[PDB]
$ cat model00.txt   # compact mmCIF, C-alpha atoms
# COMPACT_ATOMS: atom_id res chain seq x y z
CA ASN L 3 -40.75 -65.48 14.58
CA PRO L 4 -38.52 -67.08 11.91
CA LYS L 5 -36.12 -69.90 12.80
CA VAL L 6 -32.76 -70.25 11.04
CA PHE L 7 -29.99 -72.82 11.32
CA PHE L 8 -26.27 -73.51 11.01
CA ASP L 9 -24.90 -76.97 10.27
CA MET L 10 -21.42 -76.84 11.78
CA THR L 11 -18.06 -78.52 11.27
CA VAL L 12 -15.28 -78.40 13.86
CA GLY L 13 -11.88 -79.48 12.57
CA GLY L 14 -13.63 -80.84 9.49
CA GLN L 15 -15.92 -83.08 11.54
CA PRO L 16 -19.69 -82.52 11.44
CA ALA L 17 -20.74 -81.17 14.85
CA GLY L 18 -24.50 -80.69 14.58
CA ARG L 19 -27.20 -78.14 13.84
CA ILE L 20 -27.53 -74.83 15.69
CA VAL L 21 -31.12 -73.59 15.50
CA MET L 22 -31.82 -69.92 16.18
CA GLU L 23 -35.08 -68.06 16.72
CA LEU L 24 -34.95 -64.51 15.39
CA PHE L 25 -36.80 -61.76 17.25
CA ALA L 26 -38.51 -60.17 14.24
CA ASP L 27 -41.34 -59.06 16.52
CA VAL L 28 -38.83 -57.03 18.55
CA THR L 29 -36.03 -56.30 16.09
CA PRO L 30 -37.51 -56.63 12.56
CA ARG L 31 -34.64 -54.96 10.65
CA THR L 32 -31.87 -56.82 12.49
CA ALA L 33 -33.70 -60.15 12.31
CA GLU L 34 -34.39 -59.81 8.59
CA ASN L 35 -30.74 -59.01 7.89
CA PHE L 36 -29.63 -62.14 9.74
CA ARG L 37 -32.40 -64.30 8.28
CA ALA L 38 -31.60 -63.18 4.73
CA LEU L 39 -27.89 -63.88 5.18
CA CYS L 40 -28.83 -67.42 6.24
CA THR L 41 -30.78 -68.16 3.04
CA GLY L 42 -28.56 -66.36 0.54
CA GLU L 43 -31.73 -64.74 -0.87
CA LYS L 44 -30.13 -61.44 -1.85
CA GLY L 45 -27.35 -62.83 -4.05
CA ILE L 46 -24.20 -60.78 -4.51
CA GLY L 47 -23.21 -57.87 -2.26
CA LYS L 48 -21.07 -54.81 -3.01
CA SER L 49 -18.07 -56.93 -1.98
CA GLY L 50 -18.60 -59.24 -4.95
CA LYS L 51 -19.32 -62.16 -2.64
CA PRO L 52 -22.70 -63.80 -1.91
CA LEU L 53 -24.63 -62.26 0.98
CA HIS L 54 -24.57 -65.63 2.70
CA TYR L 55 -23.07 -67.02 5.92
CA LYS L 56 -22.55 -70.40 4.24
CA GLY L 57 -18.90 -71.44 4.31
CA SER L 58 -17.90 -68.70 6.75
CA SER L 59 -16.14 -69.37 10.06
CA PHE L 60 -16.18 -68.53 13.73
CA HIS L 61 -12.91 -66.59 13.86
CA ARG L 62 -13.02 -65.46 17.49
CA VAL L 63 -14.03 -67.82 20.29
CA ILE L 64 -13.50 -67.06 23.99
CA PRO L 65 -14.48 -69.92 26.36
CA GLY L 66 -17.01 -68.89 29.01
CA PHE L 67 -17.85 -65.73 27.07
CA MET L 68 -19.00 -66.08 23.45
CA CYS L 69 -18.39 -67.39 19.93
CA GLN L 70 -18.02 -64.75 17.21
CA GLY L 71 -18.51 -65.12 13.46
CA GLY L 72 -20.23 -63.55 10.47
CA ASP L 73 -17.33 -62.45 8.27
CA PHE L 74 -18.20 -64.00 4.92
CA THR L 75 -16.38 -61.09 3.23
CA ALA L 76 -12.74 -61.17 4.34
CA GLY L 77 -13.00 -64.32 6.45
CA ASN L 78 -10.72 -62.77 9.06
CA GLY L 79 -12.88 -60.65 11.36
CA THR L 80 -12.47 -57.34 9.52
CA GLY L 81 -15.22 -57.87 6.97
CA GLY L 82 -18.92 -58.61 6.75
CA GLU L 83 -21.76 -56.97 4.88
CA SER L 84 -25.41 -56.27 5.64
CA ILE L 85 -28.26 -56.59 3.15
CA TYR L 86 -29.03 -52.86 3.28
CA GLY L 87 -26.03 -51.75 1.23
CA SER L 88 -24.17 -50.29 4.20
CA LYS L 89 -23.76 -50.55 7.96
CA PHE L 90 -27.10 -50.07 9.71
CA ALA L 91 -28.25 -48.34 12.89
CA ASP L 92 -28.75 -49.96 16.27
CA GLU L 93 -32.46 -50.67 15.87
CA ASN L 94 -33.13 -50.83 19.62
CA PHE L 95 -31.77 -52.27 22.86
CA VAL L 96 -35.01 -53.73 24.25
CA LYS L 97 -33.57 -57.25 24.52
CA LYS L 98 -30.73 -57.80 26.99
CA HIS L 99 -27.85 -60.29 27.21
CA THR L 100 -29.58 -62.64 29.62
CA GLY L 101 -27.63 -65.89 29.26
CA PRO L 102 -26.30 -68.73 27.06
CA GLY L 103 -27.51 -68.87 23.47
CA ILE L 104 -28.20 -65.15 23.28
CA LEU L 105 -27.65 -64.02 19.70
CA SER L 106 -26.32 -60.49 19.33
CA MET L 107 -24.67 -58.14 16.83
CA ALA L 108 -20.95 -57.50 16.88
CA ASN L 109 -20.05 -53.93 15.88
CA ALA L 110 -17.45 -51.17 15.76
CA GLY L 111 -19.30 -48.68 17.94
CA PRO L 112 -22.82 -47.21 17.58
CA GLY L 113 -24.69 -47.63 14.29
CA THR L 114 -22.13 -49.92 12.65
CA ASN L 115 -24.08 -53.17 12.31
CA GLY L 116 -22.91 -55.37 9.44
CA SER L 117 -23.09 -59.16 9.40
CA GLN L 118 -20.77 -60.08 12.27
CA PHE L 119 -22.61 -61.63 15.21
CA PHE L 120 -21.92 -63.48 18.44
CA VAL L 121 -23.55 -66.27 20.43
CA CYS L 122 -23.16 -65.94 24.19
CA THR L 123 -22.07 -68.90 26.30
CA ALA L 124 -23.09 -67.08 29.49
CA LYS L 125 -24.63 -63.84 30.74
CA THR L 126 -22.93 -60.83 29.17
CA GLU L 127 -24.74 -58.01 30.99
CA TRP L 128 -21.95 -55.49 30.38
CA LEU L 129 -22.86 -55.54 26.68
CA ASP L 130 -26.41 -54.31 27.35
CA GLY L 131 -27.28 -51.16 25.42
CA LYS L 132 -24.19 -51.46 23.23
CA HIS L 133 -25.01 -54.53 21.15
CA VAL L 134 -28.36 -55.31 19.54
CA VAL L 135 -29.69 -58.62 20.83
CA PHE L 136 -31.88 -60.09 18.10
CA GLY L 137 -32.09 -63.83 18.68
CA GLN L 138 -31.74 -66.91 20.83
CA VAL L 139 -30.35 -70.39 20.19
CA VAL L 140 -33.32 -72.71 20.75
CA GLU L 141 -31.85 -76.04 19.59
CA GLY L 142 -28.32 -77.41 19.42
CA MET L 143 -26.72 -75.28 22.14
CA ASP L 144 -24.53 -78.34 22.77
CA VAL L 145 -23.04 -77.66 19.33
CA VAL L 146 -22.11 -74.17 20.54
CA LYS L 147 -20.42 -75.86 23.51
CA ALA L 148 -18.32 -77.88 21.06
CA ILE L 149 -17.32 -74.61 19.39
CA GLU L 150 -16.54 -73.06 22.78
CA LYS L 151 -14.27 -76.02 23.57
CA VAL L 152 -11.80 -75.17 20.78
CA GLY L 153 -11.59 -71.51 21.80
CA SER L 154 -8.86 -69.71 23.76
CA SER L 155 -8.23 -66.64 25.93
CA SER L 156 -6.90 -64.78 22.88
CA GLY L 157 -9.96 -65.75 20.87
CA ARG L 158 -7.96 -67.88 18.45
CA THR L 159 -9.56 -71.24 17.83
CA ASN L 160 -7.38 -74.36 17.68
CA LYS L 161 -9.58 -76.11 15.12
CA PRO L 162 -11.36 -74.45 12.18
CA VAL L 163 -15.02 -73.85 13.03
CA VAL L 164 -17.06 -73.64 9.83
CA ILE L 165 -20.70 -73.08 8.88
CA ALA L 166 -20.91 -76.07 6.53
CA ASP L 167 -24.51 -75.29 5.61
CA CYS L 168 -27.15 -72.78 6.71
CA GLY L 169 -30.65 -71.51 5.93
CA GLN L 170 -34.21 -70.90 7.13
CA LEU L 171 -36.17 -73.56 9.01
CA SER L 172 -39.53 -71.88 9.65
CA UNK X 1 -11.49 -57.02 28.41
CA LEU X 2 -14.48 -58.91 27.01
CA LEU X 3 -15.81 -56.97 24.03
CA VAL X 4 -17.14 -57.92 20.70
CA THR X 5 -15.92 -55.70 18.14
CA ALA X 6 -15.28 -55.64 14.38
CA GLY X 7 -11.84 -54.31 13.48
CA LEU X 8 -10.08 -53.05 16.58
CA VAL X 9 -10.20 -55.69 19.30
CA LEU X 10 -10.05 -53.96 22.68
CA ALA X 11 -9.10 -55.06 26.18
$ encode --input "model00.txt" --output "structure tokens"
Amino acid sequence: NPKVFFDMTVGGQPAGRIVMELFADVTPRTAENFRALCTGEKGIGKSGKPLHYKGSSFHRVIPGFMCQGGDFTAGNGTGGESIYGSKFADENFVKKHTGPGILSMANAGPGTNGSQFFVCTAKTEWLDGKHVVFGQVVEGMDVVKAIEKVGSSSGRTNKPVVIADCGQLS
Amino acid sequence: XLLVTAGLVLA
């Protein structure tokens, strides 16, 4: 399984590296999409912007629930773009939301996977079968905690949370 | 509620 990373800033301050293992052996299509968006491999998408998480933000953070990001298109939670040229199907729901660090796809209903993702800060069992789990934070979960700290009940952060750098680790 | 959607944020 490939391992990818985010180097994060919170309020402009470096906050650490989040390291994620991608379940390519369980969700090959979903993993590859995420992995590719970490490296920037694919270049420019249909949106005219690089297919790359680098520089994008966590725009929706709810403490005790999850941190959501992945909109490198509009940078406001409405955008995002997969590497397949369109939204892609829910590959499978084998993996469940079993606790903190769970990496899963945000969507707009069935078969609408783009680039928006979320990292759980607890068990989110109610999302089972609706959101494709495809990864797990394996290092730097404490960095996710720092992100969680600036969240709110509305989801608005109170400091900008930015992916300062990102890519593939192994 | 506690959802994670992309466009229309629900309760």
$ residues_around --input "model00.txt" --residues "residue 8 (chain X)" --least-positions-apart "3" --cutoff "10 Å" --atoms "only C-alpha atoms" --output "PDB file with C-alpha atoms, in the coordinates of the input"
ATOM      1  CA  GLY L  79     -12.880 -60.650  11.360  1.00  0.00           C
ATOM      2  CA  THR L  80     -12.470 -57.340   9.520  1.00  0.00           C
ATOM      3  CA  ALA L 110     -17.450 -51.170  15.760  1.00  0.00           C
TER       4      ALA L 110
ATOM      5  CA  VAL X   4     -17.140 -57.920  20.700  1.00  0.00           C
ATOM      6  CA  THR X   5     -15.920 -55.700  18.140  1.00  0.00           C
ATOM      7  CA  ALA X  11      -9.100 -55.060  26.180  1.00  0.00           C
TER       8      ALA X  11
END
$ residues_near_point --input "model00.txt" --point "(-21.0, -60.1, 1.6)" --cutoff "12 Å" --atoms "all atoms listed in the file" --output "VMD selection string"
chain L and resid 35 38 to 40 42 to 58 72 to 77 80 to 89 116 to 118
$ closest_residue --input "model00.txt" --among "L:71, L:13, L:103, L:160" --to "residue 144 (chain L)" --atoms "only C-alpha atoms"
L:103
$ atom_distance --input "model00.txt" --atom1 "CA of residue 10 (chain L)" --atom2 "CA of residue 127 (chain L)"
27.1 Å
$ interface_residues --input "model00.txt" --of "chain L" --to "chain X" --cutoff "9 Å" --atoms "only C-alpha atoms" --output "PyMOL selection string"
chain L and resi 64+67-68+70+79-82+107-111+118-120+126+128-129+133
$ axis_aligned_box --input "model00.txt" --around "region 2-5 of chain X" --padding-each-side "6 Å" --output "JSON"
{"center_x": -15.8, "center_y": -57.3, "center_z": 22.6, "size_x": 14.7, "size_y": 15.2, "size_z": 20.9}
$ closest_residue --input "model00.txt" --among "L:36, L:131, L:24, L:155" --to "residue 104 (chain L)" --atoms "all atoms listed in the file"
L:24
$ atom_distance --input "model00.txt" --atom1 "CA of residue 166 (chain L)" --atom2 "CA of residue 7 (chain L)"
10.8 Å
$ atom_distance --input "model00.txt" --atom1 "CA of residue 143 (chain L)" --atom2 "CA of residue 41 (chain L)"
20.8 Å
